[PDB]
Amino acid sequence: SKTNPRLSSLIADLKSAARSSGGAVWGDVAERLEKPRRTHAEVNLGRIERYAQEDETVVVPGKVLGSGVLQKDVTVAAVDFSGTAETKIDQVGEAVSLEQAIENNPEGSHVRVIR
Amino acid sequence: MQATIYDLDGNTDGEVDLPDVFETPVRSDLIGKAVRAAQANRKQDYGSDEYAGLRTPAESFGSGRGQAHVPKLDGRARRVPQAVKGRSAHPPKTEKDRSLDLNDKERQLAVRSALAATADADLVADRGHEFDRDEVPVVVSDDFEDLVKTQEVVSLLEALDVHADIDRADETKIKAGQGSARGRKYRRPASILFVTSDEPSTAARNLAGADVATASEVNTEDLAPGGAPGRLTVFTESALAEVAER
Amino acid sequence: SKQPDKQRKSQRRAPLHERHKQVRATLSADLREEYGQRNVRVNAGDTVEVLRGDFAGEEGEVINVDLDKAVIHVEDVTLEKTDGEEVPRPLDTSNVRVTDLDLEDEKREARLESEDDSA
Amino acid sequence: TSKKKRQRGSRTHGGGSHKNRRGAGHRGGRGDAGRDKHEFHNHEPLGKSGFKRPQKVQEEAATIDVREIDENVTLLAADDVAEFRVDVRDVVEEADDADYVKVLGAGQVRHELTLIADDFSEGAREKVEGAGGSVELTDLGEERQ
RNA sequence: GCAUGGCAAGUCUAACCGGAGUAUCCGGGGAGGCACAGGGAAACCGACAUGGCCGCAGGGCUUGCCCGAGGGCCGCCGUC
RNA sequence: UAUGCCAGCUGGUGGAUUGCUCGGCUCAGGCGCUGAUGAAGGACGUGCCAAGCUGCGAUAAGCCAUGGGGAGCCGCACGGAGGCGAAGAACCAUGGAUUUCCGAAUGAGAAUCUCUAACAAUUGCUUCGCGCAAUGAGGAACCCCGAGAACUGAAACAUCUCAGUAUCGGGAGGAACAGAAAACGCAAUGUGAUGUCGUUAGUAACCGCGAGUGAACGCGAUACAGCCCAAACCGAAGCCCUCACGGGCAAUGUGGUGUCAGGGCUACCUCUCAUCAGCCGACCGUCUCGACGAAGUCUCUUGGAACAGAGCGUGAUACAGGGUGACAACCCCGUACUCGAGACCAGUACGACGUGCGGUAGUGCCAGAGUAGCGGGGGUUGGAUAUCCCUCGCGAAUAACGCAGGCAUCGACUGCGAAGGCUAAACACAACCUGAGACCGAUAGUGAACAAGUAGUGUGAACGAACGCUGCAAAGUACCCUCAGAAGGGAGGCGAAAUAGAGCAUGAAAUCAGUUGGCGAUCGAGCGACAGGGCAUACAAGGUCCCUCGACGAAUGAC
Ligand SMILES: [Cl-]
Ligand SMILES: [Cl-]
Ligand SMILES: [Cl-]
Ligand SMILES: [Mg+2]
Ligand SMILES: [Mg+2]
Ligand SMILES: [Mg+2]
Ligand SMILES: [Mg+2]
Ligand SMILES: [Mg+2]
Ligand SMILES: [Mg+2]
Ligand SMILES: [Mg+2]
Ligand SMILES: [Mg+2]
Ligand SMILES: [Mg+2]
Ligand SMILES: [Mg+2]
Ligand SMILES: [Mg+2]
Ligand code: NA
Ligand code: NA
Ligand code: NA
Ligand code: NA
Ligand code: NA
Ligand code: NA
Ligand code: NA
Ligand code: NA
Ligand code: NA
Ligand code: NA
Ligand code: NA
Ligand code: NA
Ligand code: NA
Ligand code: NA
Ligand code: NA
Ligand code: NA
Ligand code: NA
Ligand SMILES: [Sr+2]
Ligand SMILES: [Sr+2]
Ligand SMILES: [Sr+2]
Ligand SMILES: [Sr+2]
Ligand SMILES: [Sr+2]
Ligand SMILES: [Sr+2]
Ligand SMILES: [Sr+2]
Ligand SMILES: [Sr+2]
Ligand SMILES: [Sr+2]
Ligand SMILES: [Sr+2]
Ligand SMILES: [Sr+2]
Ligand SMILES: [Sr+2]
Ligand SMILES: [Sr+2]
Ligand SMILES: [Sr+2]
Ligand SMILES: [Sr+2]
Ligand SMILES: [Sr+2]
Ligand SMILES: [Sr+2]
Ligand SMILES: [Sr+2]
């Protein structure tokens, strides 16, 4: 019973890709977004910096926040980013929406889930 | 994108950049919340007299006369809720907070979202508005503000293939129910919203279902009456630009 | 005000000098032109034509104007009682139209002809 | 549909026997009644403890960890860039309604810093110096002896 | 507590002020609250932006082997 | 088949339901004192006919003036008779006249009346005479000063709580009260009268340290405003009444000076725009009231009626709301725009008149006593050693002094001058006015939409209901028959409708009369559910059902 029409479409699209492409993450991420908001990911940059690696798309089944320092050149894909988060990330790498990520990689390969 | 500007004759007269806000993703849930809050906030506190039914020394006779232990006075039952003329058990209360809070950010996002729904012809038509135009919203030269006669605004609207919506709002409904006994006998479709910049259009305001506003304070209800996004709007050159920074 | 109860109330309880406005009727095309008004207060001298009831179409002289009940009696606009007698059927002025004025009073005529004021 | 909206027809509205929901007896007394007898469970124990010094003899220090400072060096461009030199007092919020500014040593210091504050913790120095940095005690900070 | 929604190392304004379409609403107002460090009666002192091993989901590969967020068991740090 | 059971039909009874709203309820804004010049309230009168209500007062539903208003009128209340109005009535606004008796009630007395000139009583002034004046009582609450419970909570109960609440006594106003530091004490090189609002905070503090009780400084706001005496130094230079004459007050001190930016005095500098007093006197804004005010009453059809449907047309700075025989911007009132008046803001702001700010040096001249402070006993408070107050007792200094900064003493430091006084604005309430509503809609909402604090109950304090709806128009039923009959009935007349004919829109159930179907005087009781038969059934809104045979044919399964 989500209220946000966008989050609702993201979830549908996330299932379409998982069911049609060679992806298990998208459907996986879709299941987590269906869960209650309080369980969704709330991650600061300090965590991405510690477990992410270049050329491996970071996937956050939630929202990315601006605390800490990110240096690695990574493409972070999240449901949403705070203003500061999307700023810091774009400096040393790139911030992308799950909607974009799903389009540039329906198979959902070479990707690491972070929360 | 770009928006076509029109002169009082209804002829194209250049064009301008449609500001970025009109690109804000449409959020009907946020808009609904904002409208719900403005509507609640103007409701008046009410409630029954707190001593209603309590002005009586009525007492129960207790056991003995084969009667239910109900407070009585002059052989009449009183005070208690099951008694005719007795107090109301859980009536409307004046102390109740009938207002709804709304974070400024969340509210502002709703305005922007409502503004954006205004630029989507399909939505505007889904909302119900009648018109034979493709581009929306309708942008007009600031000279629109200098207009005075209502009919002169009619001519412009007809020249803009947008007057059909006023024909739609030219039907009042006599509501079912007792609202009538309280001064709410009629209701009518919402038509065109005119957003000017200096003062609301006195010339357009009396149009059936028409609403007038100023870019600096046009609100969610203006853009989405009833919380339904996509109102057929007509901005003013300057209004369009001033609205960009809301 | 906007509340129906107050509106009807202010109308039913209006003092006598404010009831004249409750006996006003629209003027014919000529008269409107002649005095620059759309309507006037029906006097017991005027001639009027019925435009709505069961007597729509008939014209006649106003024989009486009752401010208390805000109604008028027009010659020949009557009902036949059981005994056979003929009595007037009261009319609401908003269903009537003045086609000839009784200006036997300087003040009324003066009032009618003035511009800043209407009769 | 809410739970409330489903109670009509139930008679007891979830209370169990209709003899249950009456006065305060159903709660074992009003408010914190019985906190030492029938309802002693999970209650703070009875008794006095310690004391309080007068509020106007109490000092409220404004603290900050090197971690916060260090992570925002570049962003704090509006603050000295030497061989960075930062006066913590110009960084800490609530540093007005406080008697002094103290730098704490939580986290790392990946830069060489010259910090100015009314006081530092042992670990605050060790780290700041360890990264080729210095620590400068303010005039007010001259209250250590 | 929970479900939903905004914003996020921040978040929210309260009274109240200006505007206006004048109880709605648009703008302003961060006083102050809670969160961002704890421990100790107090004086007072003041912490893991990760060091080890397991391992779910997921990802990778040459299809058992790697990487393994969250989680689990430890270390270690602040203070009494 | 009697008595009778079940269901329905026609007609009652009843007043549910639906629809309607002249009354409520609540919120918001404005406004706000009355009275011996006899109020508020009550009594009794007052009309052509007049019981109730409303009004009024022996000039009695009214008298006079000015302005508005207008051809009608004689209240609620639609009668009969009669009258008034162009000599401009009615009606409305403002002002005036009249205004019985009781009532604070005041010459004395009294259940609204009586007896023989009256501020009764208490005061001030005093011409010592009631000569001039004051007080008294009322008001919805709000406000200030006093008196002050218990039920209750603590699961008992005593401190504590409920609560300084309920209730009582006294008193003011339109608002009260407070208020220009012997303050604060983010301790400072800092703030700077007082309310109030938000917060500080359920923090500090209290407490069978239980239950519970509970601030402040500060900060953000609102609104802002600061002054006057006593004394020193002067010493009649003064005040009050009276037109005047004149009188009274006043050396036990009127008046000048002065008031912590301390003052005074002596000697000087400079200067006043401070303050205080008086004069003048708004803009704007808000509230209310008022004037003006656009455009269809066109065609056809239906209808008793067009405000309906279809067709044609129009205004809009006016498409709020209401009325009008049905859904009305354009028929009527209004509504937008514009304009006018009153009230409040406010005798305020501004302006102007006068006064004269401030500074140096010297001077132990002045600066509020049962006080400050301490002790005994009480209450109260968050006030804990450190709240505020009452009571008994004791009791100081004199600015070179004194008080405060949350235990006491002493020093230091910082703050501040008590024991005299005044003070606008910002805030409380809702009687009164206006506006408003996701409030109620006649067993609701006020107790009260109606005769409502009515009828009625009680010796009294006090208690206290119920009652809304004919119709478009009264056209509110003529004539005739019947009858003891203005009854009722019959026939008849009106209207779209009398199954709209008077508690007269609709008209449920319980239930009653008549009657239809089914059952019924040899038979048994949770009144039915499910099956299956009888009998009964206008249409509409359901259209299926039966028998031969054949096809299919699960579990089961023969003669
Ligand atoms: Cl994190
Ligand atoms: Cl402490
Ligand atoms: Cl301060
Ligand atoms: Mg009631
Ligand atoms: Mg209904
Ligand atoms: Mg004229
Ligand atoms: Mg007497
Ligand atoms: Mg007890
Ligand atoms: Mg007490
Ligand atoms: Mg106990
Ligand atoms: Mg208390
Ligand atoms: Mg304090
Ligand atoms: Mg009632
Ligand atoms: Mg009836
Ligand atoms: Na009562
Ligand atoms: Na409320
Ligand atoms: Na119960
Ligand atoms: Na803040
Ligand atoms: Na008033
Ligand atoms: Na009478
Ligand atoms: Na009088
Ligand atoms: Na007197
Ligand atoms: Na005397
Ligand atoms: Na108890
Ligand atoms: Na007991
Ligand atoms: Na106690
Ligand atoms: Na401060
Ligand atoms: Na009419
Ligand atoms: Na004492
Ligand atoms: Na002090
Ligand atoms: Na009733
Ligand atoms: Sr007994
Ligand atoms: Sr009348
Ligand atoms: Sr009448
Ligand atoms: Sr329960
Ligand atoms: Sr009870
Ligand atoms: Sr309990
Ligand atoms: Sr115990
Ligand atoms: Sr702050
Ligand atoms: Sr905010
Ligand atoms: Sr871990
Ligand atoms: Sr001030
Ligand atoms: Sr003094
Ligand atoms: Sr001390
Ligand atoms: Sr009744
Ligand atoms: Sr009431
Ligand atoms: Sr008795
Ligand atoms: Sr008949
Ligand atoms: Sr077979």
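Computed from heavy atoms alone, side chains included, the values below leave out hydrogens, waters and symmetry copies. Numbered from 1 within each chain, the chains take letters A, B, ... in sequence-line order.
- Across all strands, D:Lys127 comes closer than 4.0 Å only to sugar-phosphate atoms, never to a base (heavy-atom distances).
- At a threshold of 4.0 angstrom between heavy atoms, the contacts of D:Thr63 include nucleobase atoms, whether or not backbone atoms are also involved.
- With hydrogens and angles ignored, a donor-acceptor pair under 3.5 angstrom links the side chain of D:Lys102 to the base of E:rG46.
- Contact check, C:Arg111 against F:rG70: a side-chain N or O comes under 4.0 Å of OP1 or OP2.
- Residue A:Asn4 is classed as a sugar-phosphate contact, given heavy-atom separations below 4.0 Å to backbone atoms only.
- Residue contacts for B:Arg78: at a heavy-atom cut-off of 4.0 Å it reaches the sugar-phosphate backbone alone, with no base atom in range.
- Atom NZ of B:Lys43 and atom P of E:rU24 are 13 Å apart (whole Å).
- B:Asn219 comes within contact range of at least one nucleobase, with a heavy-atom separation under 4.0 Å.
- Within 4.0 Å of B:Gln151, counting heavy atoms only, lies at least one base atom of the nucleic acid.
- Comparing the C1' positions of F:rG173 and F:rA211 gives a spacing of 44 Å, expressed to the nearest Å.
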What string of B, S and - do you get for nucleotides 429-435 of chain F 5' to 3' if you count protein non-hydrogen atoms under 4.0 Å? ------S

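- Among the protein residues, A:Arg50 comes within range of the nucleic acid bases, having at least one heavy atom under 4.0 Å from a base atom.
- Within the shown strands, F:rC33 is the pairing partner of F:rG138 under the Watson-Crick or G-U definition, both distances less than 3.5 Å.
- Distance noted for atom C1' between F:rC312 and F:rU301: 16 Å (whole Å).
- F:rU348 and F:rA367 have their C1' atoms separated by 37 Å, with the value rounded to a whole Å.
- For a distance-only test at 3.5 Å, the side chain of B:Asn206 qualifies as a donor-acceptor partner of the base of F:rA316.
- Only the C1' atoms considered, F:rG218 is 14 Å distant from F:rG192, to the nearest whole Å.
- At the heavy-atom level, B:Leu73 lies under 4.0 Å from the strands shown only through sugar-phosphate atoms.
- Here side chain to side chain donor-acceptor pair (under 3.5 Å) pairs that include residues 22-37 of chain A, with residues two or more places apart or in two chains, are A:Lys15-A:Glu34.
- Base contact: A:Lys63 has a heavy atom under 4.0 Å from a base atom.
- When the P atom is compared between F:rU165 and F:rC145, the two are found 12 Å apart, to the nearest whole Å.
- Neighbours E:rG10 and E:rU11 form a stacked pair of bases, judged on six-membered rings within the 5.5 Å and 30° limits.
- Atom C1' of F:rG256 sits at a distance of 44 Å from the matching atom of F:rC394, rounded to the whole Å.
- Rounded to whole Å, the P atom of F:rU194 lies 48 Å from the corresponding atom of F:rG96.
- Residues C:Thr26 and C:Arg38 are in side-chain contact: their nearest non-hydrogen atoms beyond the backbone lie under 4.5 Å apart.
- By the criterion of a centre-to-centre distance under 5.5 Å and near-parallel planes under 30°, the ring of D:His38 forms a stack with the base of F:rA155.
- Across all strands, B:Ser201 comes closer than 4.0 Å to no nucleic acid atom at all (heavy-atom distances).
- F:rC353 and F:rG195 have their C1' atoms separated by 36 Å, given to the nearest Å.
- Pair assignment for F:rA150 gives none, since no Watson-Crick or G-U wobble pairing has each distance under 3.5 Å.
- Neighbouring nucleotides F:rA140 and F:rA141 have six-membered base rings whose centres lie under 5.5 Å apart with planes under 30° to each other, which meets the stacking criterion.
- If you check every strand for non-hydrogen atoms under 4.0 Å, A:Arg37 touches a base.
- C:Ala44 comes within 4.0 angstrom of sugar-phosphate atoms only, judged by non-hydrogen atoms across all strands, and of no base.
- Evaluation of atom-type donor-acceptor distances gives no pair under 3.5 Å for the side chain of A:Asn44 against the base of E:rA49.
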Footprint string (nucleotides 325-335 of chain F, 5' to 3'): B base within contact, S backbone only, - free, heavy atoms under 4.0 Å: B-SS--BSSS-

For residues 13-21 of chain C, dump all side-chain donor-acceptor pairs below 3.5 Å to protein atoms at least two apart in sequence or in another chain.
from    : atom 1 : to      : atom 2 : distance (Å)
C:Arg19 : NE     : C:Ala14 : O      : 3.2
C:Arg19 : NH1    : C:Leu67 : O      : 3.3
C:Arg19 : NH2    : C:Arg12 : O      : 2.6
C:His20 : ND1    : C:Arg41 : NE     : 2.6

Tell me, for nucleotides 447-459 of chain F in 5' to 3' order, what letter each nucleotide earns: B for a base near a protein heavy atom under 4.0 Å, S for only sugar-phosphate near one, - for neither? SS-----------

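- Listed by first then second residue, pairs satisfying side chain to side chain donor-acceptor pair (under 3.5 Å) with a partner in residues 207-218 of chain B read B:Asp211-B:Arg231, not counting sequence neighbours.
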